[PDB]
Amino acid sequence: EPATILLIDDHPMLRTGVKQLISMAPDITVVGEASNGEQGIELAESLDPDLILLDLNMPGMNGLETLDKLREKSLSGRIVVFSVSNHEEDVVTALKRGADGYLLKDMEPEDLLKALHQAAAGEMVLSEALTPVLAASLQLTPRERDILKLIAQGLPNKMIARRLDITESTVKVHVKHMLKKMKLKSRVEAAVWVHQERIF
Ligand SMILES: [Pt+2]
Ligand SMILES: [Pt+2]
Ligand SMILES: [Pt+2]
Ligand SMILES: [Pt+2]
Ligand SMILES: [Pt+2]
């Protein structure tokens with residue numbers, strides 16, 4: 001029952017530390033690791049983790065390429081990236097490319113832990129500061145409309161499941177289907193869209 005996390009990076013000491021941090025929280029767990037983008041895309045697709053942690057600082061300068069390719073697959077979880085830096089343009093680019101959030105490698109262990117846990121097993125809404133960025137870039141089953149409404153509120157898969165009295169597996173199936181259906185690449189984008197048009 002703990003939330004699953006897929007780690008994609010090629011930065012040993014960072015992964016070593018992140019693993020230690022994840023051990024401090026029983027309700028979250030690492031389901032897979034990958035030091036190669038291609039391998040990571042394979043694991044992402046077959047495991048469909050609640051959280052995919054991607055490092056954009058990977059060798060070959062193809063971190064943003066792996067993101068495009070992940071966003072091509074049918075995923076129902078969240079993708080949080082380790083930004084190159086805290087510069088506005090490095091951040092907005094990641095979000096525009098399909099990431100739900102971003103983290104910095106120089107965060108304090110205590111704060112990083114809270115961020116990973118929130119992204120994997122908690123509520124997570126985009127800050128108003130970054131909302132216009134996604135807004136700039138921007139046939140539904142009754143059950144899917146219910147799921148979309150809750151997604152707009154930032155609820156994770158598990159909370160949505162225990163709310164609509166459905167199994168988490170069917171939630172994931174519904175999320176990836178209506179997402180790929182409505183031409184939406186991420187959950188934050190789905191949330192921003194809904195609020196933009198005030199569907200609810
Ligand atoms: Pt710790
Ligand atoms: Pt601890
Ligand atoms: Pt701790
Ligand atoms: Pt919750
Ligand atoms: Pt919860």
# chains A, B, ... in the order shown; residues from 1 in each chain; ligands from 1

call {"tool": "residues_near_ligand", "arguments": {"ligand": "ligand 5", "cutoff": "12 Å", "atoms": "only C-alpha atoms and all ligand atoms", "output": "list in words"}}
result
residues 1, 2, 3, 27, 28, 117, 118, 119, 120, 121, 122, 123, 124, 154, 155, 156, 157, 158, 159, 160, 161, 162 and 163 of chain A

call {"tool": "write_last_selection", "arguments": {"atoms": "N, CA and C atoms", "output": "mmCIF file, in the first residue's frame"}}
result
data_model
loop_
_atom_site.group_PDB
_atom_site.id
_atom_site.type_symbol
_atom_site.label_atom_id
_atom_site.label_comp_id
_atom_site.auth_asym_id
_atom_site.auth_seq_id
_atom_site.Cartn_x
_atom_site.Cartn_y
_atom_site.Cartn_z
ATOM 1 N N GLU A 1 0.761 -1.243 0.000
ATOM 2 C CA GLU A 1 0.000 0.000 0.000
ATOM 3 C C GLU A 1 0.805 1.315 0.000
ATOM 4 N N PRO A 2 2.153 1.257 0.097
ATOM 5 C CA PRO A 2 2.869 2.539 0.083
ATOM 6 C C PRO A 2 3.005 3.071 -1.338
ATOM 7 N N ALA A 3 3.131 4.389 -1.460
ATOM 8 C CA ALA A 3 3.282 5.042 -2.759
ATOM 9 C C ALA A 3 4.615 4.651 -3.398
ATOM 10 N N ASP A 27 5.331 5.118 4.367
ATOM 11 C CA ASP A 27 4.289 5.135 3.346
ATOM 12 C C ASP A 27 4.736 5.448 1.921
ATOM 13 N N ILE A 28 6.047 5.519 1.704
ATOM 14 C CA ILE A 28 6.600 5.743 0.368
ATOM 15 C C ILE A 28 7.752 4.762 0.181
ATOM 16 N N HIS A 117 7.705 13.351 -0.285
ATOM 17 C CA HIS A 117 6.543 12.719 0.315
ATOM 18 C C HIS A 117 5.249 13.360 -0.180
ATOM 19 N N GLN A 118 5.246 14.682 -0.291
ATOM 20 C CA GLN A 118 4.070 15.399 -0.754
ATOM 21 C C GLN A 118 3.779 15.064 -2.215
ATOM 22 N N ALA A 119 4.834 14.985 -3.018
ATOM 23 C CA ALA A 119 4.697 14.690 -4.440
ATOM 24 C C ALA A 119 4.255 13.259 -4.707
ATOM 25 N N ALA A 120 4.703 12.330 -3.871
ATOM 26 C CA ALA A 120 4.363 10.922 -4.037
ATOM 27 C C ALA A 120 3.055 10.488 -3.380
ATOM 28 N N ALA A 121 2.795 10.986 -2.173
ATOM 29 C CA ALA A 121 1.609 10.588 -1.424
ATOM 30 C C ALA A 121 0.754 11.700 -0.822
ATOM 31 N N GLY A 122 0.877 12.925 -1.323
ATOM 32 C CA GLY A 122 0.091 14.008 -0.759
ATOM 33 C C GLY A 122 -0.567 14.929 -1.764
ATOM 34 N N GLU A 123 -1.191 15.988 -1.253
ATOM 35 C CA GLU A 123 -1.852 16.985 -2.087
ATOM 36 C C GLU A 123 -0.773 17.870 -2.681
ATOM 37 N N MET A 124 -0.910 18.210 -3.956
ATOM 38 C CA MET A 124 0.092 19.036 -4.602
ATOM 39 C C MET A 124 -0.492 19.903 -5.708
ATOM 40 N N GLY A 154 -5.716 18.533 -6.599
ATOM 41 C CA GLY A 154 -4.405 18.069 -6.186
ATOM 42 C C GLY A 154 -4.327 16.761 -5.433
ATOM 43 N N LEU A 155 -5.392 15.967 -5.455
ATOM 44 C CA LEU A 155 -5.396 14.685 -4.750
ATOM 45 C C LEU A 155 -4.581 13.600 -5.454
ATOM 46 N N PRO A 156 -3.867 12.776 -4.674
ATOM 47 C CA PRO A 156 -3.057 11.689 -5.231
ATOM 48 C C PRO A 156 -3.959 10.487 -5.529
ATOM 49 N N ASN A 157 -3.471 9.562 -6.352
ATOM 50 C CA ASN A 157 -4.222 8.367 -6.740
ATOM 51 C C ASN A 157 -4.908 7.635 -5.600
ATOM 52 N N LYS A 158 -4.162 7.382 -4.532
ATOM 53 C CA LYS A 158 -4.702 6.670 -3.386
ATOM 54 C C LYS A 158 -5.888 7.351 -2.718
ATOM 55 N N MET A 159 -5.810 8.663 -2.516
ATOM 56 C CA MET A 159 -6.909 9.403 -1.893
ATOM 57 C C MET A 159 -8.151 9.456 -2.790
ATOM 58 N N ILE A 160 -7.938 9.513 -4.105
ATOM 59 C CA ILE A 160 -9.041 9.552 -5.064
ATOM 60 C C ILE A 160 -9.777 8.214 -5.050
ATOM 61 N N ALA A 161 -9.009 7.133 -4.928
ATOM 62 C CA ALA A 161 -9.548 5.778 -4.888
ATOM 63 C C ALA A 161 -10.434 5.537 -3.669
ATOM 64 N N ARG A 162 -9.941 5.908 -2.490
ATOM 65 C CA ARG A 162 -10.684 5.721 -1.244
ATOM 66 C C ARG A 162 -11.878 6.657 -1.139
ATOM 67 N N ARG A 163 -11.944 7.618 -2.050
ATOM 68 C CA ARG A 163 -13.021 8.596 -2.080
ATOM 69 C C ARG A 163 -14.185 8.145 -2.971
#

call {"tool": "residues_around", "arguments": {"residues": "residue 63 (chain A)", "least_positions_apart": "6", "cutoff": "12 Å", "atoms": "only C-alpha atoms", "output": "list in words"}}
result
residues 8, 9, 10, 35, 36, 37, 38, 40, 41, 53, 54, 55, 56, 57, 69, 70, 81, 82, 83, 84, 93, 94, 97 and 99 of chain A

call {"tool": "atom_distance", "arguments": {"atom1": "CA of residue 33 (chain A)", "atom2": "CA of residue 60 (chain A)"}}
result
18.5 Å

call {"tool": "residues_near_ligand", "arguments": {"ligand": "ligand 3", "cutoff": "9 Å", "atoms": "only C-alpha atoms and all ligand atoms", "output": "PDB file with N, CA, C and O atoms, in the first residue's frame"}}
result
ATOM      1  N   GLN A  20      18.104   7.265   1.437  1.00  0.00           N
ATOM      2  CA  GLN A  20      18.128   7.357   2.889  1.00  0.00           C
ATOM      3  C   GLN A  20      16.892   8.111   3.370  1.00  0.00           C
ATOM      4  O   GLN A  20      16.223   7.682   4.307  1.00  0.00           O
ATOM      5  N   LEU A  21      16.577   9.211   2.693  1.00  0.00           N
ATOM      6  CA  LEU A  21      15.421  10.037   3.034  1.00  0.00           C
ATOM      7  C   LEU A  21      14.098   9.289   2.891  1.00  0.00           C
ATOM      8  O   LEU A  21      13.207   9.432   3.723  1.00  0.00           O
ATOM      9  N   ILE A  22      13.984   8.482   1.841  1.00  0.00           N
ATOM     10  CA  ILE A  22      12.773   7.707   1.585  1.00  0.00           C
ATOM     11  C   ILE A  22      12.551   6.631   2.651  1.00  0.00           C
ATOM     12  O   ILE A  22      11.411   6.269   2.936  1.00  0.00           O
ATOM     13  N   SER A  23      13.639   6.163   3.263  1.00  0.00           N
ATOM     14  CA  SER A  23      13.579   5.152   4.323  1.00  0.00           C
ATOM     15  C   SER A  23      12.940   5.715   5.589  1.00  0.00           C
ATOM     16  O   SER A  23      12.405   4.971   6.409  1.00  0.00           O
ATOM     17  N   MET A  24      13.019   7.032   5.751  1.00  0.00           N
ATOM     18  CA  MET A  24      12.446   7.702   6.914  1.00  0.00           C
ATOM     19  C   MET A  24      10.922   7.803   6.845  1.00  0.00           C
ATOM     20  O   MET A  24      10.277   8.186   7.819  1.00  0.00           O
ATOM     21  N   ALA A  25      10.347   7.466   5.695  1.00  0.00           N
ATOM     22  CA  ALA A  25       8.903   7.534   5.517  1.00  0.00           C
ATOM     23  C   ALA A  25       8.383   6.179   5.051  1.00  0.00           C
ATOM     24  O   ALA A  25       8.585   5.797   3.899  1.00  0.00           O
ATOM     25  N   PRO A 109      17.989  18.212   3.633  1.00  0.00           N
ATOM     26  CA  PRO A 109      17.397  16.875   3.749  1.00  0.00           C
ATOM     27  C   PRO A 109      15.989  16.854   4.338  1.00  0.00           C
ATOM     28  O   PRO A 109      15.146  16.073   3.905  1.00  0.00           O
ATOM     29  N   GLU A 110      15.739  17.724   5.311  1.00  0.00           N
ATOM     30  CA  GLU A 110      14.440  17.802   5.969  1.00  0.00           C
ATOM     31  C   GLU A 110      13.365  18.306   5.002  1.00  0.00           C
ATOM     32  O   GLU A 110      12.273  17.743   4.920  1.00  0.00           O
ATOM     33  N   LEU A 113      12.748  15.874   2.006  1.00  0.00           N
ATOM     34  CA  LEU A 113      11.925  14.759   2.447  1.00  0.00           C
ATOM     35  C   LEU A 113      10.452  15.138   2.368  1.00  0.00           C
ATOM     36  O   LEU A 113       9.653  14.383   1.825  1.00  0.00           O
TER      37      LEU A 113
END

call {"tool": "closest_residue", "arguments": {"among": "A:6, A:80, A:129, A:134", "to": "residue 34 (chain A)", "atoms": "only C-alpha atoms"}}
result
A:6

call {"tool": "closest_residue", "arguments": {"among": "A:188, A:47, A:171, A:58", "to": "residue 12 (chain A)", "atoms": "only C-alpha atoms"}}
result
A:58

call {"tool": "residues_around", "arguments": {"residues": "region 145-153 of chain A", "least_positions_apart": "4", "cutoff": "12 Å", "atoms": "only C-alpha atoms", "output": "ChimeraX atom specification"}}
result
/A:76-78,122-126,139-141,157-166,168,170-179,182,184,186-200

call {"tool": "select_by_dssp", "arguments": {"residues": "region 2-198 of chain A", "states": "alpha helix (DSSP H)", "output": "PyMOL selection string"}}
result
chain A and resi 12-23+37-47+63-70+88-96+109-121+131-137+142-152+157-164+168-181+187-197

call {"tool": "closest_residue", "arguments": {"among": "A:133, A:128, A:65, A:107", "to": "residue 91 (chain A)", "atoms": "only C-alpha atoms"}}
result
A:133

call {"tool": "atom_distance", "arguments": {"atom1": "CA of residue 95 (chain A)", "atom2": "CA of residue 46 (chain A)"}}
result
23.7 Å

call {"tool": "closest_residue", "arguments": {"among": "A:169, A:137, A:62, A:16", "to": "residue 98 (chain A)", "atoms": "only C-alpha atoms"}}
result
A:137

call {"tool": "closest_residue", "arguments": {"among": "A:31, A:101, A:143, A:19", "to": "ligand 2", "atoms": "only C-alpha atoms and all ligand atoms"}}
result
A:19

call {"tool": "closest_residue", "arguments": {"among": "A:44, A:59, A:7, A:111", "to": "ligand 1", "atoms": "only C-alpha atoms and all ligand atoms"}}
result
A:111

call {"tool": "atom_distance", "arguments": {"atom1": "CA of residue 138 (chain A)", "atom2": "CA of residue 92 (chain A)"}}
result
14.3 Å
